[PDB]
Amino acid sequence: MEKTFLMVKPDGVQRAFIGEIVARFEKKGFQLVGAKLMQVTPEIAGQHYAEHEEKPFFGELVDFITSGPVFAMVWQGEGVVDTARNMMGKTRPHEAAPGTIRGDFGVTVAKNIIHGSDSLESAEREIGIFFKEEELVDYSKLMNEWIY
């Protein structure tokens, strides 16, 4: 099944939104398969910093090294990459709809709470950067019987 990478940015950590964000994905019916609180390091940020022109997230990673920890997650489910983008709302919170995460919680594009992968291709790459294979848990969620 499809997997996406989602990360609460240091501002979401500081403003105490981790629980609220996780709850939204849990109530939606998606399955949590990896989660850790962690510090972004130069080693992580350097891996892909050369690609920051085409992918600005790899630029933001550099800023996170000195700003506070992030909460990194891998979620699994049908159409999760695009659906999670929908649930986050537009990147600029001024443009994000009420009911979305950025819409409800964010003010500026600088401090916009959350990142999620923009495509399947970037999801595979971002998961590989933040998680070792053995940190991803494979289990069956019983309630999937009423979700699918």
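Position 1 is the first residue in the sequence shown; the rest follow in order.
Averaged over their C-alpha atoms, the temperature factors of 46-54 and 90-98 are higher for 46-54. When the two stretches 64-72 and 27-35 are set side by side, the higher mean Cα temperature factor goes to 64-72. Per-chain ranking of the deposited C-alpha B factor places residue 41 in the highest third. Among all modelled residues in its chain, residue 121 ranks in the highest third by Cα B-factor. Placement of the Cα temperature factor of residue 127 within the chain: middle third of the modelled residues, per the deposited record. Among all modelled residues in this chain, the alpha-carbon of residue 1 has a temperature factor (C-alpha) in the highest third.
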